[PDB]
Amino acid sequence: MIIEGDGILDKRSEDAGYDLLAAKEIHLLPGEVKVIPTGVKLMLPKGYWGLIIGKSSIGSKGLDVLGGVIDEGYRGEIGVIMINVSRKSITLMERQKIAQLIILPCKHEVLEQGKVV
């Protein structure tokens, strides 16, 4: 797929997702939420959406990823919403791997008002 930016790395065919990198150093105090810039824009393949999920390396530090849905039509830069849910202050260095983008298939169902049985 077409991407713009160097904040996303090539993955092995066997890997489920692509690593995403912090475009700049971020400091997070306990309880702080910040939208971390990655500098990448992309064109997701038709029929799919992207799921942003946290890396185990950073999750084990007590940092979570919030939100996380990139719709096929999104064309803006990708920012990752992160919160420090631990009781310690953390510094994310520039170009540190902060999350992963995983491509998943889309399913459209029409909604029919009825009576669930």
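For clarity, a rigid core is taken as the largest C-alpha set superposing within 1.5 Å between two forms. Start at 1 and count along the sequence shown; that's the residue number.
*Asks:* Hey, after superposing on the core, which one moves around more in 7 other deposited structures of this protein, 61 to 69 or 75 to 83, CA-wise?
*Replies:* Clearly, after the core fit, the stretch farther away in 7 other deposited structures of this protein is 61 to 69.
*Asks:* Of the stretches 4 to 12 and 106 to 114, which sits farther from where it is here in 7 other deposited structures of this protein, on average over its Cα atoms, after fitting the core?
*Replies:* Evaluated in 7 other deposited structures of this protein, the stretch farther from the shown form is 106 to 114.
*Asks:* Given the B-factors recorded for C-alpha atoms, which segment has the greater mean, 45 to 53 or 23 to 31?
*Replies:* Mean CA B-factor is higher for 23 to 31.
*Asks:* Going by the B-factors listed in the PDB entry, is the mean over the C-alpha atoms higher for 99 to 107 or for 8 to 16?
*Replies:* According to the PDB entry, the answer is 8 to 16.
*Asks:* Say you rank 73, 68, 62, 37 by Cα B-factor from the PDB entry; which sits at the top?
*Replies:* That would be 73, according to the entry.
*Asks:* Based on the deposited C-alpha B factors for this chain, I'd like to know if residue 89 is in the lowest, middle or highest third.
*Replies:* It falls in the middle third of the chain.
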